[PDB]
Amino acid sequence: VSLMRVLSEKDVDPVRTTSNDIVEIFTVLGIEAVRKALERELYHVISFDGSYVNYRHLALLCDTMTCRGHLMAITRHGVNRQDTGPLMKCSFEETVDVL
Amino acid sequence: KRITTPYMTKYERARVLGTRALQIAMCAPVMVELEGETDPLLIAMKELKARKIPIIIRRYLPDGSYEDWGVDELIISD
Amino acid sequence: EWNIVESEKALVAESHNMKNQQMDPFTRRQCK
Amino acid sequence: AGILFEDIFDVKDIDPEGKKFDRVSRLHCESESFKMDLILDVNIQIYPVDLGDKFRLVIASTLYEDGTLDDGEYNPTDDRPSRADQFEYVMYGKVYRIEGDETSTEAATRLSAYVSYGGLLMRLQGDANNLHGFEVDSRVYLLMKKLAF
Amino acid sequence: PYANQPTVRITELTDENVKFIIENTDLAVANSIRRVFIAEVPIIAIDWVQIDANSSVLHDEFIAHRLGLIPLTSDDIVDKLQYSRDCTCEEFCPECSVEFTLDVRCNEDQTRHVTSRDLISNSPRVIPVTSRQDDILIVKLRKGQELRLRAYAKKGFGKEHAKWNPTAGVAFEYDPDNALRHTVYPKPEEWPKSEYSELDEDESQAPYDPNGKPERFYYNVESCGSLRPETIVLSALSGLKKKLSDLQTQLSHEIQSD
Amino acid sequence: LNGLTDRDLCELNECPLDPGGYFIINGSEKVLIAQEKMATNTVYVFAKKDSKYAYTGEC
Amino acid sequence: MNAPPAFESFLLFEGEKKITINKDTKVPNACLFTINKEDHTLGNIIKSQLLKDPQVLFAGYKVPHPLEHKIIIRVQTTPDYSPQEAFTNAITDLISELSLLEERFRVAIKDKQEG
Amino acid sequence: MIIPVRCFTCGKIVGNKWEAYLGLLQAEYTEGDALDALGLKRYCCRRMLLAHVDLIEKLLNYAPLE
Amino acid sequence: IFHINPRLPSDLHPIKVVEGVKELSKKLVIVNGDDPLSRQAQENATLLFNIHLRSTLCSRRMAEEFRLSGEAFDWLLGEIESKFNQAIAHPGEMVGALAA
Amino acid sequence: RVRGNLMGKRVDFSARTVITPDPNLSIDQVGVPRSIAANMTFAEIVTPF
Amino acid sequence: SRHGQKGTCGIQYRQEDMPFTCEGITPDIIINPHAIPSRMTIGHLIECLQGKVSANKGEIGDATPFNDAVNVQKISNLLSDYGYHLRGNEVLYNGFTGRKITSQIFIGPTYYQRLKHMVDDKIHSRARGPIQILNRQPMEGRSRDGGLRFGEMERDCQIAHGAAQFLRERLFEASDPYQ
Amino acid sequence: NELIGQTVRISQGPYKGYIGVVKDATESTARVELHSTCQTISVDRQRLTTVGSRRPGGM
Amino acid sequence: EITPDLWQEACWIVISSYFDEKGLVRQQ
Amino acid sequence: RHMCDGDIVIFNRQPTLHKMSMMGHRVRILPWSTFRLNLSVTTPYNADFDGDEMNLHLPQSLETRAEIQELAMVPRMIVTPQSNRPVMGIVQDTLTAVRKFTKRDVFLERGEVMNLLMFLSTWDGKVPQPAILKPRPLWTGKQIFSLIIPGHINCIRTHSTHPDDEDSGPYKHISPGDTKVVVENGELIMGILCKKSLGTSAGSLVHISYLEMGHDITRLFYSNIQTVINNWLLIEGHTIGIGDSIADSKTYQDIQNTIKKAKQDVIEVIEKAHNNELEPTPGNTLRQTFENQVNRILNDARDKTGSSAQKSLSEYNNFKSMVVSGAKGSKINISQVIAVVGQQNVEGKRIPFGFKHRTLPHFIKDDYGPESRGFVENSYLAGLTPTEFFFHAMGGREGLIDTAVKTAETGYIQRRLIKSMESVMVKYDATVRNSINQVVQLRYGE
Amino acid sequence: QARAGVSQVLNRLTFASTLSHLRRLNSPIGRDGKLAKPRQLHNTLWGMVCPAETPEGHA
Amino acid sequence: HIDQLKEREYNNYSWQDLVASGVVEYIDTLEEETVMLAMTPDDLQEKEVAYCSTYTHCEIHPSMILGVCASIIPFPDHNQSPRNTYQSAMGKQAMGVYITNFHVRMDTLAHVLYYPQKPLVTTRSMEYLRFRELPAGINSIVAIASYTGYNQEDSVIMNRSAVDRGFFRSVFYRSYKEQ
RNA sequence: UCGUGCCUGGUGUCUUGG
Ligand SMILES: [Mg+2]
Ligand SMILES: [Zn+2]
Ligand SMILES: [Zn+2]
């Protein structure tokens with residue numbers, strides 16, 4: 001992945017040129033593109049096996065992950081750095097530390 | 001100027017039925033004719049269809065406001 | 001003792017039944 | 001009355017697609033007088049037919065000659081004289097599709113009436129006028145009988 | 001609107017099994033009689049075991065369980081006894097039970113075959129099957145081991161415990177040739193012929209018979225020795241007839257009381 | 001219980017079929033499970049590419 | 001531990017009725033017979049005998065649960081015929097059959113035996 | 001442990017047939033004729049004698065006394 | 001339900017469809033309000049179902065394909081709305097728990 | 001505490017056993033063994049009813 | 001089974017209620033056919049087939065893995081000498097009605113195992129049993145008269161339900177109530 | 001009540017002849033552990049008869 | 001003699017003797 | 001009081017994976033130590049009865065019972081919000097039996113219909129007019145199955161055997177094969193039922209039934225299906241034997257011929273690469289193009305032999321009947337039983353050179369042939385060669401391995417998801433917020 | 001700091017479990033291992049190690 | 001060698017004489033790397049188009065690859081390999097007579113099956129596991145049928161009349177200690 | 001002629017269950 005040196009090339013579609021690495025998408029195309037691309041990635045890993053998940057849930061996770069502007073990770077380095085409040089945080093991971 | 005849904009949510013329905021059934025079990029005055037049953041949930045359900053549950057639902061809005069809805073006011077779903 | 005007698009007088013049948021090797025339901029490898 | 005259709009037919013094939021079920025076979029037929037095409041499943045087990053057999057097929061709305069339009073439930077215990085007493089093969093079903101050569105402007109000349117005798121399908125097909133008796137979701141009876149000629 | 005009129009034909013009669021043919025009856029009647037032979041004919045069997053001394057290599061209930069399964073000669077006596085649950089006695093009565101007794105001590109050097117010989121009855125008729133061929137092995141005892149128990153036999157039927165089932169195996173059959181097509185063969189020639197098949201060796205199954213009922217039910221009732229194989233039958237007919245009579249009584253009460 | 005006949009094993013109230021190979025420790029039968037390990041004294045070569053090393057030989 | 005005692009398949013409790021007639025409401029001239037402490041032995045012969053009755057529109061039997069010892073017999077007749085009397089007849093004549101079968105078996109025995 | 005009293009499947013008494021069966025194997029018989037000579041027609045009852053492992057013979061070696 | 005018989009000519013004015021769909025579109029409310037910011041969002045939120053609604057309830061399909069009577073069409077409209085309103089996301093629902 | 005005794009607890013009025021299929025129940029029924037039923041209780045308010 | 005075919009006893013019928021062959025050979029165990037096709041335990045069928053041969057020939061059969069003098073045609077031809085269907089199928093009468101089953105049932109002797117997992121060592125139930133000394137919740141275990149855990153995964157499933165009174169009951173009132 | 005812990009025989013009803021021990025008793029009923037089955041049953045106290053288990057001659 | 005086609009008999013005799021000499025737990 | 005017949009309980013199989021893993025049930029008391037379930041409730045619980053255990057919780061209040069009754073009760077749970085499809089379907093011998101029950105040639109007499117109607121809950125008590133009256137009153141599969149179908153449903157589905165080229169040709173509305181399921185006015189008109197119509201698929205007949213009718217009437221529909229059909233299955237029966245595993249001695253010849261051709265094909269690929277004529281199929285090394293060709297050949301071989309296995313099976317076959325009902329198994333399961341097992345892979349490749357340049361000691365150094373790298377050429381009926389027994393084990397070990405690791409990793413991902421989105425809910429504003437009142441979505445799902 | 005579970009209680013449930021517990025091998029590789037290459041059935045277990053007898057758990 | 005070894009016990013000959021005569025050889029896994037190994041004496045050492053024609057060793061019986069619990073499976077080669085694994089595991093849970101002197105044992109848990117049977121279809125290698133002396137299971141007349149639903153999903157329907165006759169009856173011994 | 005009642009174990013590890 002590099003994306004920006006790629007997009008810039010002549011005879012290369014700067015419209016339809018996707019990147020798979022959601023972090024490159026955050027740095028190059030910005031948060032609202034991450035949201036779209038993250039859903040596309042997450043929909044690919046779901047529907048690959050032929051199964052179907054309703055759009056609500058995919059929209060919703062990608063919404064929560066992209067709600068504070070920065071890409072918000074589903075781990076302690078993300079969800080506990082969010083200003084949620086201590087009794088929420090301590091249930092998840094880091095229990096003593098956040099209290 | 002009530003802005004909320006005019007329909008009784010499944011969650012409202014659950015706790016209103018549950019709540020009213022509790023009151024019933026505690027020797028509350030019934031607001032409906034008993035055709036000869038004894039279950040407080042059965043009673044509560046009957047009352048619900050009659051729109052006779054003496055309960056208003058205080059729905060909290062995210063800003064901090066609220067709207068009160070009588071049971072007879074909103075549209076029962078099931 | 002009779003199982004020794006039985007098993008030797010039986011397994012010689014795989015040498016005696018020489019005329020009809022035809023039936024399908026069994027296979028074996030033949031490499032290179 | 002209530003005679004929605006009648007003609008003699010002959011068995012042109014017993015199951016030309018190849019026998020798909022053991023007790024049931026796809027009769028293909030043409031009619032003698034109205035020159036209707038027919039496809040008809042029959043219980044080939046309880047009522048066998050060969051190629052070149054002729055049968056009088058009377059598609060009826062009711063069973064009773066006076067046309068008193070019975071209800072649609074089974075009652076074996078019944079004195080009233082029926083149409084079934086002069087037939088060999090009698091079935092009950094719904095016309096579930098009617099289809100035709102309609103254009104955008106003008107009417108149809110040919111209809112296919114499709115009926116299901118509880119699963120045993122039939123397509124009777126030809127002149128729209130000879131098929132004017134049929135209407136979709138109406139109930140119907142088969143009333144066929146082999147001609148020994 | 002009424003009953004059909006069945007005919008019977010005994011084909012084979014031994015002191016071990018009966019082969020009979022029932023004609024002109026319903027499939028339901030012909031099978032319900034089969035159910036009754038298995039589960040609803042009464043016999044006498046050990047059902048109460050009081051173990052005084054047990055030093056064998058087996059458990060306590062193992063002995064008692066094996067005693068339960070020993071068949072007892074029932075024919076003359078079983079239609080006289082009360083069911084235990086129906087006798088007025090505070091414990092057991094000769095009108096509601098037969099008392100048994102086992103007292104065995106291995107004193108000798110050789111092993112002791114505790115057989116049904118050792119079960120001593122108080123009634124001369126309700127014995128284990130020894131009359132007229134070895135005996136049911138209960139245990140094997142070593143030098144110094146013993147077994148003292150007393151046991152009682154009561155009336156019961158196979159619906160409770162298999163111990164009261166009078167039959168070895170009931171061989172029910174109808175329509176030997178596939179005339180009804182009640183069964184549908186994928187390859188009808190891969191199938192061996194029935195015992196009863198009125199068919200040549202050319203054709204595989206009988207031609208399809210559209211309008212036709214089962215009749216001619218073929219039975220082979222095999223006794224466990226607890227009754228004669230022909231008494232199992234008279235008893236089952238009487239048992240089923242008695243359930244229906246009882247049913248009718250209860251019915252008549254229900255009718256008049258509504 | 002070694003080189004000992006079926007008669008003797010029965011007289012000791014012990015099984016002739018019992019394989020052996022276990023310890024009695026406070027009246028508990030204990031087995032030592034055969035723990036596997038890399039063979040001693042034998043050189044091996046691997047690629048721990050996740051390091052300063054392209055290859056590591058081991059002994 | 002939880003097992004029903006085995007006598008529970010045929011023995012009537014205290015208060016339990018053998019047989020129980022219920023007028024069905026969904027069609028005219030229909031009843032539901034509820035037999036207690038019975039199974040497929042008694043329920044099948046009655047059903048099959050009822051099917052012989054020309055005046056009987058419907059007859060059937062069910063076992064609501066094989067762990068619970070009870071059968072249901074639903075009978076529907078013609079308006080000139082109660083299912084009460086249908087049910088009565090199908091026991092009466094079925095007893096007449098089994099009695100005639102018992103008699104005929106007996107003679108067949110005594111003929112087999114030296115004959 | 002010890003030969004069942006009845007064929008579990010059908011219910012025929014096989015309890016009396018084990019000594020006899022071993023006796024017919026003191027004679028030079030195939031098990032197939034031993035089972036037949038005892039009269040076991042069904043393939044249920046025939047399994048009881050084929051498949052019975054006689055462990056009471058081994059339990060008898062553990063004398064209590066003498 | 002109404003026994004249509006799609007082989008007779010129908011009595012359903014091609015304009016009752018055009019105007020009944022317009023009046024139906026009104027009753028399918030997600031974003032309540034008369035504000036332009038609220039009307040816009042109401043319009044947006046129900047855009048795809050409205051397209052669909054307007055694409056199956058034509059004047060031509062209603063007359064060349066479905067053959068709906070007038071009574072059947074009034075039934076239909078009531079049905080559509082009655083169903084849509086039941087499909088509304090219930091307040092109180094823990095959607096993130098479902099999403100997870 | 002938080003995972004072992006708060007966000008998840010042990011609870012009264014609960015049972016467990018082997019499951020077996022039973023086609024004669026409705027989809028909304030669970031058949032329960034007599035001693036589970038005779039063990040667990042439901043507090044039921046007394047009423048003239 | 002000897003093939004990987006585990007299962008619980010789902011009901012017990014008496015010999016009057018079991019299906020039966022042209023003689024009164026009821027099954028001892030009936031297993032649902034749906035166990036075979038996905039699992040591809042063909043060895044079970046073969047065993048059930050050879051066991052049938054073994055019982056009738058009256059000599060114990062040989063199931064060595066890689067034998068090749070054994071196959072299914074050979075067993076089948078043996079089976080057919082005893083008056084059975086060559087494929088091991090039989091014609092069962094239904095035990096309730098007595099009517100022949102329209103399908104020919106595959107039936108024969110197979111070796112079955114009782115596993116140690118009896119239900120009466122797994123059945124458990126609680127209401128106001130003993131309490132842990134440290135945190136006043138139910139004990140763990142069947143023997144300690146413990147309570148079931150309403151874990152996190154269960155907790156998520158009630159949030160998703162919106163059953164918040166039940167959530168607080170399982171998590172407060174039916175667990176460790178205090179003031 | 002006096003007979004709690006005593007050996008009784010069920011003398012009437014479906015369980016005729018079953019021995020057990022009284023685990024609990026009331027003014028009208030008792031709980032009896034049956035000697036045979038793995039089960040304790042509740043029964044009308046009049047259905048029971050005391051058997052006892054004693055030895056004489058104590059010398 | 002170097003050519004027995006009696007082998008599914010001969011084979012299990014060497015098996016039996018292996019197992020007569022060395023038990024199953026010989027390795028312990 | 002004790003728990004009693006008609007009580008509410010909420011009932012669970014761990015691991016709880018989705019909302020449908022805990023559901024409210026009505027209690028019924030029964031005389032033996034197991035819990036009992038209706039089997040359509042297996043599918044949501046992912047249960048087995050293979051020694052599975054389930055937890056029961058009894059609510060303890062009027063306020064909590066009512067809550068479960070109104071939010072969690074099994075029939076309320078039919079359609080999951082996950083995929084907008086039923087979670088519960090007809091999934092075992094009822095499904096197998098229903099295919100067989102709805103066939104065209106299924107005829108019932110008065111004695112069997114009236115016996116079958118006893119097992120309806122929703123019956124109006126009237127016997128439908130039999131599809132054949134003369135020469136003898138005979139009902140149909142569809143006609144009795146028409147009483148089970150509640151209300152006035154309308155739907156269309158395709159049965160699993162449906163030929164693609166049917167909808168084009170004639171006989172479209174009159175299928176020769178009795179494929180094309182049609183329900184009108186809540187009556188089965190055409191078609192055999194299977195997983196495609198009675199399963200857990202969007203717009204399956206159990207889905208339409210739930211969208212159309214209540215949740216309550218849908219509850220009676222599953223229960224009727226099982227009760228009627230299981231009862232019919234006492235007549236029809238179902239089984240699977242040896243006989244259902246034999247081909248027809250012509251198929252054996254076709255398979256052997258195919259196999260030999262395959263073995264032959266691979267030898268020329270080996271010759272070409274051994275004499276340097278196998279040119280690297282663009283986007284590949286030499287050693288990759290080879291492996292591709294081989295696997296193609298072999299996969300082709302398996303597919304071809306699988307096809308002649310299917311084509312050989314009689315309509316009376318019992319594997320087929322469980323595959324075309326969708327009850328249990330797949331067409332590859334028949335292939336593996338009758339014709340060929342196939343290629344045994346570990347890590348997506350063929351069997352590796354575990355020994356020095358060979359797979360086993362029996363083989364020879366540098367042996368890429370089909371037998372030498374895991375290609376099982378026998379069937380489960382014929383048995384496996386010793387070598388290919390081993391290879392089969394090697395492959396089947398992969399599944400066991402992946403199982404044990406998949407359970408540990410996924411369970412942590414599910415936890416993290418729930419914790420990062422536990423407080424997300426639909427406020428009365430009809431907006432999607434979190435614990436902070438921060439707006440997530442303006443409308444749920446846009 | 002030690003190795004653990006090396007000694008184990010002999011499994012007296014059935015003869016086949018006795019016999020099989022005595023011939024058991026164990027791997028030193030820790031749990032909490034995401035690696036498969038030690039859990040895989042190696043070509044070279046042929047005739048040495050049963051290719052069938054393994055625990056279905058995490059082991 | 002077969003003649004001397006068939007007449008063992010009646011003369012002193014044994015497995016060690018095959019070793020000492022240079023007939024059979026213990027080969028290590030690390031030396032098995034270098035063997036050119038046949039799988040049957042005859043079938044691999046005949047004359048065709050050549051595979052190797054340089055065989056160094058032969059297998060004794062290919063069924064010796066199996067272990068203790070796996071060697072009791074009849075026809076393991078007709079099974080899906082995970083199935084054999086499952087059986088391998090469940091075979092260690094099978095009730096039987098667990099050891100011959102069990103009535104002297106005070107083991108904390110034990111199960112003795114009442115009427116254990118020898119398999120009707122055995123492997124040749126289950127002789128040496130002494131399985132026919134100490135068996136864990138019963139030959140049951142299995143049917144494979146969808147009888148009345150109660151077996152439907154890994155379940156089985158058992159005969160009550162067979163269970164009454166002691167089919168799969170067992171003793172569970174529990175043992176207690178105190179000092 | 002009599003009137004007293006909830007005691008009550010913690011810690012680790014291997015085996016095995018879905
Ligand atoms: Mg499971
Ligand atoms: Zn008495
Ligand atoms: Zn038998």
# chains A, B, ... in the order shown; residues from 1 in each chain; ligands from 1
call {"tool": "interface_residues", "arguments": {"of": "chain N", "to": "chain I", "cutoff": "10 Å", "atoms": "only C-alpha atoms", "output": "number ranges by chain"}}
result
N: 17-19, 80-82, 152, 185, 211-212, 413-434, 442-446
call {"tool": "interface_residues", "arguments": {"of": "chain F", "to": "chain P", "cutoff": "9 Å", "atoms": "only C-alpha atoms", "output": "compact mmCIF listing (two decimals) with C-alpha atoms, in the first residue's frame"}}
result
# COMPACT_ATOMS: atom_id res chain seq x y z
CA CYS F 10 -5.17 -64.11 42.32
CA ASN F 13 -6.02 -60.28 45.28
CA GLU F 14 -4.26 -58.52 42.36
CA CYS F 15 -5.24 -58.56 38.66
CA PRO F 16 -3.33 -60.79 36.13
CA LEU F 17 -4.48 -58.43 33.36
CA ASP F 18 -3.25 -55.30 35.13
CA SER F 28 -3.43 -43.73 44.47
call {"tool": "residues_near_ligand", "arguments": {"ligand": "ligand 3", "cutoff": "6 Å", "atoms": "only C-alpha atoms (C1' of nucleotides) and all ligand atoms", "output": "compact mmCIF listing (two decimals) with C-alpha atoms, in the first residue's frame"}}
result
# COMPACT_ATOMS: atom_id res chain seq x y z
CA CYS H 7 -32.01 -62.35 25.16
CA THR H 9 -34.03 -58.10 22.37
CA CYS H 10 -36.69 -60.76 22.13
CA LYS H 12 -36.02 -65.89 25.07
CA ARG H 42 -33.11 -65.55 15.96
CA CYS H 44 -30.86 -61.67 18.62
CA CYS H 45 -30.59 -64.77 20.83
call {"tool": "residues_near_ligand", "arguments": {"ligand": "ligand 2", "cutoff": "7 Å", "atoms": "only C-alpha atoms (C1' of nucleotides) and all ligand atoms", "output": "number ranges by chain"}}
result
E: 84, 87-89, 91-97
call {"tool": "write_last_selection", "arguments": {"atoms": "N, CA, C and O atoms", "output": "mmCIF file, in the first residue's frame"}}
result
data_model
loop_
_atom_site.group_PDB
_atom_site.id
_atom_site.type_symbol
_atom_site.label_atom_id
_atom_site.label_comp_id
_atom_site.auth_asym_id
_atom_site.auth_seq_id
_atom_site.Cartn_x
_atom_site.Cartn_y
_atom_site.Cartn_z
ATOM 1 N N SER E 84 -50.880 -57.908 43.438
ATOM 2 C CA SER E 84 -50.400 -57.641 44.795
ATOM 3 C C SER E 84 -51.072 -56.399 45.381
ATOM 4 O O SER E 84 -51.596 -56.427 46.492
ATOM 5 N N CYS E 87 -54.656 -57.141 46.799
ATOM 6 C CA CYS E 87 -54.908 -58.063 47.890
ATOM 7 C C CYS E 87 -55.044 -57.311 49.207
ATOM 8 O O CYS E 87 -54.295 -56.376 49.511
ATOM 9 N N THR E 88 -56.008 -57.742 50.004
ATOM 10 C CA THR E 88 -56.295 -57.161 51.305
ATOM 11 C C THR E 88 -55.175 -57.403 52.321
ATOM 12 O O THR E 88 -55.100 -56.663 53.303
ATOM 13 N N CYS E 89 -54.294 -58.389 52.115
ATOM 14 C CA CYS E 89 -53.271 -58.735 53.094
ATOM 15 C C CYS E 89 -52.322 -57.561 53.412
ATOM 16 O O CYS E 89 -52.045 -56.695 52.587
ATOM 17 N N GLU E 91 -49.195 -57.822 54.034
ATOM 18 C CA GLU E 91 -47.865 -58.206 53.579
ATOM 19 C C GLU E 91 -47.937 -58.999 52.269
ATOM 20 O O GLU E 91 -47.791 -58.393 51.209
ATOM 21 N N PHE E 92 -48.166 -60.311 52.332
ATOM 22 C CA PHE E 92 -48.410 -61.191 51.191
ATOM 23 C C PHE E 92 -49.336 -62.337 51.593
ATOM 24 O O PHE E 92 -49.286 -62.825 52.725
ATOM 25 N N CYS E 93 -50.109 -62.831 50.636
ATOM 26 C CA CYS E 93 -51.093 -63.887 50.800
ATOM 27 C C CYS E 93 -50.846 -64.985 49.764
ATOM 28 O O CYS E 93 -50.433 -64.678 48.649
ATOM 29 N N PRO E 94 -51.147 -66.260 50.034
ATOM 30 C CA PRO E 94 -51.197 -67.273 48.988
ATOM 31 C C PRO E 94 -52.205 -66.945 47.877
ATOM 32 O O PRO E 94 -52.102 -67.464 46.774
ATOM 33 N N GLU E 95 -53.185 -66.082 48.146
ATOM 34 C CA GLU E 95 -54.144 -65.587 47.153
ATOM 35 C C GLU E 95 -53.552 -64.498 46.235
ATOM 36 O O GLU E 95 -54.122 -64.219 45.179
ATOM 37 N N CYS E 96 -52.412 -63.903 46.605
ATOM 38 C CA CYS E 96 -51.790 -62.787 45.898
ATOM 39 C C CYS E 96 -50.295 -62.965 45.605
ATOM 40 O O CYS E 96 -49.671 -62.117 44.971
ATOM 41 N N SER E 97 -49.704 -64.086 46.012
ATOM 42 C CA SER E 97 -48.297 -64.381 45.794
ATOM 43 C C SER E 97 -47.959 -65.871 45.900
ATOM 44 O O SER E 97 -48.730 -66.661 46.435
#
call {"tool": "closest_atom_pairs", "arguments": {"of": "chain P", "to": "ligand 1", "cutoff": "12 Å", "atoms": "only C-alpha atoms and all ligand atoms", "output": "Markdown table"}}
result
| residue | atom | partner | partner_atom_place_in_ligand_line | distance |
| --- | --- | --- | --- | --- |
| P:153 | CA | ligand 1 | 1 (Mg) | 9.5 |
| P:154 | CA | ligand 1 | 1 (Mg) | 8.1 |
| P:155 | CA | ligand 1 | 1 (Mg) | 10.5 |
call {"tool": "atom_distance", "arguments": {"atom1": "CA of residue 60 in chain I", "atom2": "CA of residue 81 in chain I"}}
result
21.9 Å
call {"tool": "interface_residues", "arguments": {"of": "chain N", "to": "chain C", "cutoff": "8 Å", "atoms": "only C-alpha atoms", "output": "PyMOL selection string"}}
result
chain N and resi 249+252+369+371+378+381-383+385
call {"tool": "write_last_selection", "arguments": {"atoms": "N, CA, C and O atoms", "output": "short mmCIF file (atom, residue, chain, number, x, y, z; two decimals), in the first residue's frame"}}
result
data_model
loop_
_atom_site.label_atom_id
_atom_site.label_comp_id
_atom_site.auth_asym_id
_atom_site.auth_seq_id
_atom_site.Cartn_x
_atom_site.Cartn_y
_atom_site.Cartn_z
N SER N 249 -22.49 -51.06 -10.81
CA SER N 249 -21.55 -51.87 -11.48
C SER N 249 -21.16 -51.38 -12.86
O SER N 249 -20.16 -51.81 -13.44
N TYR N 252 -19.27 -48.06 -11.25
CA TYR N 252 -18.00 -48.51 -10.84
C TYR N 252 -17.01 -48.48 -11.97
O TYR N 252 -15.85 -48.11 -11.81
N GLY N 369 2.94 -37.96 -7.38
CA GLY N 369 1.78 -38.57 -7.98
C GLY N 369 0.56 -38.39 -7.10
O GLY N 369 0.63 -37.83 -6.00
N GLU N 371 -1.44 -40.68 -5.48
CA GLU N 371 -1.42 -41.53 -4.36
C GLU N 371 -0.41 -41.13 -3.32
O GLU N 371 -0.59 -41.36 -2.12
N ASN N 378 -10.28 -44.28 -3.17
CA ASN N 378 -11.27 -45.14 -2.69
C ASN N 378 -12.46 -44.35 -2.20
O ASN N 378 -12.42 -43.12 -2.14
N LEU N 381 -17.12 -46.70 1.28
CA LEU N 381 -17.72 -47.96 1.10
C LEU N 381 -16.73 -49.06 0.80
O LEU N 381 -16.77 -50.16 1.35
N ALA N 382 -15.81 -48.82 -0.08
CA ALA N 382 -14.71 -49.63 -0.44
C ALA N 382 -13.63 -49.70 0.60
O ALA N 382 -12.87 -50.68 0.65
N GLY N 383 -13.46 -48.73 1.41
CA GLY N 383 -12.42 -48.59 2.30
C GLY N 383 -11.20 -47.92 1.80
O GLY N 383 -11.01 -47.83 0.59
N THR N 385 -7.01 -47.53 1.58
CA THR N 385 -5.72 -48.08 1.61
C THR N 385 -5.02 -47.64 2.87
O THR N 385 -5.37 -46.58 3.40
#
